[PDB]
Each structure stands twice: as C-alpha cells, then as structure tokens.
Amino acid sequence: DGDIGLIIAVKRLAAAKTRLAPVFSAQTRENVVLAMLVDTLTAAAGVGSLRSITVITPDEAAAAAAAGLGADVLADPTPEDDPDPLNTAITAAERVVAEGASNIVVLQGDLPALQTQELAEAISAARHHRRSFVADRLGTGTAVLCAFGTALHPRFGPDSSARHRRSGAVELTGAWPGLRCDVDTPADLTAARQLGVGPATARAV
C-alpha cells in the first residue's frame, strides 16, 4: 500500500472558473468544474503510491462528489475575507494529512485529461527531491506540488510556478500533457479535449 497523501482544494462552484462563463450557462459551468474534479480524482485513484486522497472544499456538492468516489473530505472553514483562501485551505488540509503521511502531494482539481500513469510518473520523479513541482501547460501556474518528509509551503495562485521555484521547489520535466493541462480559459478546455477528457467532463461539455 501507498505512502503519498494527495490533497486537492476546491473552491465554491459558483465562484469557480469565471473565465469559462462566456461559453457556458452558470449551471453548465458548475457542472463542468465538478466533472473535471471527478475525472481528476478517478485518474489519481489509480496511482499505486497513494495512501489517501483528501479533498478540502466549502462546496457541499463537490464534497459529496469526492466522498462518493471514496475520497476523504475536509470542510473548508476559511473565512470569505481571508486574503489567500487557496493556500490557507491547502495548509489546513496539510496539517490533517501530515498526521498519517510523511509525503504529501497537492494536485489541481481541474485536470480532466489526466492519465493515471502521468501522475504516477510525476510522483516517482518527485521522490528524488525534498520539494518539487510540475508547471502547467502555459508555464505560469502549478499542476502539482510535492513534499517528501518536509512542509509543502504552498504558493498556489497567480505566478505560482515562479513562486514555487523561488521557494526552492525543483521543477520536474516530463511531458505529462494531461497533468499539465489545467482548465482556466476556453482555450485551455479546447486543449484538454484534444488530449482526451474523462467521461464526466465529456458528458458535462
């Protein structure tokens, strides 16, 4: 059995992926965000090195979906006026997950084209470092952050790749297109769909 505690943080679905609003009705946009989480979780759950998957979210629909796939779920109590709610949530989940795992991996929940093998390989590569990350497709963001026997020090948000790099996290290379293809914009979604999205995202779009 595995040694990696995987964390995914998910914001309120109404707030999520607002740059997809031009191509989706609000209910369809929320459905796409949830479906991308489902496909990401499904791909991740195939990775043999995982001990657990923990989803932290204030969104009860996302909570139900994750729990319904056999993930651990943490309610996110982070106030609305917290200046950095994403990293606050990750750090909160980390404190819990750290009780049961020494090696923790934070994964974006909007990777609908993720293949199990891609994540497995990324984690194998990460084992050679204390802290490491995979940049997303366009290079400014972070698809995955990995910490082996040390604190994550997450710097997700704008310009996270650069911030992670500055923090001393080593950048992993490895094509892993499905791992890198996070979906923020319609262009990102087009790219993901060309790689091949999982069935939940296929249905939602």
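One rule holds for the numbers: they count along the sequence shown, beginning at 1.
- The stretch with the higher mean CA B factor, choosing between 121 to 129 and 76 to 84, is 76 to 84.
- When the C-alpha B-factors of 36 to 44 and 149 to 157 are averaged, 149 to 157 comes out higher.
- Taking only the listed residues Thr57, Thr173, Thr28, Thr54, the entry reports the highest CA temperature factor at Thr173.
- Ranked within its chain, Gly5 lands in the middle third, by CA B factor from the PDB record.
- Among the modelled residues of its chain, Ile104 has a C-alpha B-factor that falls in the highest third according to the deposited record.
- The PDB entry assigns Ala202 a C-alpha temperature factor belonging to the middle third of its chain's modelled residues.
- In this PDB entry, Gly70 carries a Cα temperature factor that places it within the middle third of its chain's modelled residues.
- The deposited CA B-factor of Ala15 belongs to the highest third of values across its chain.
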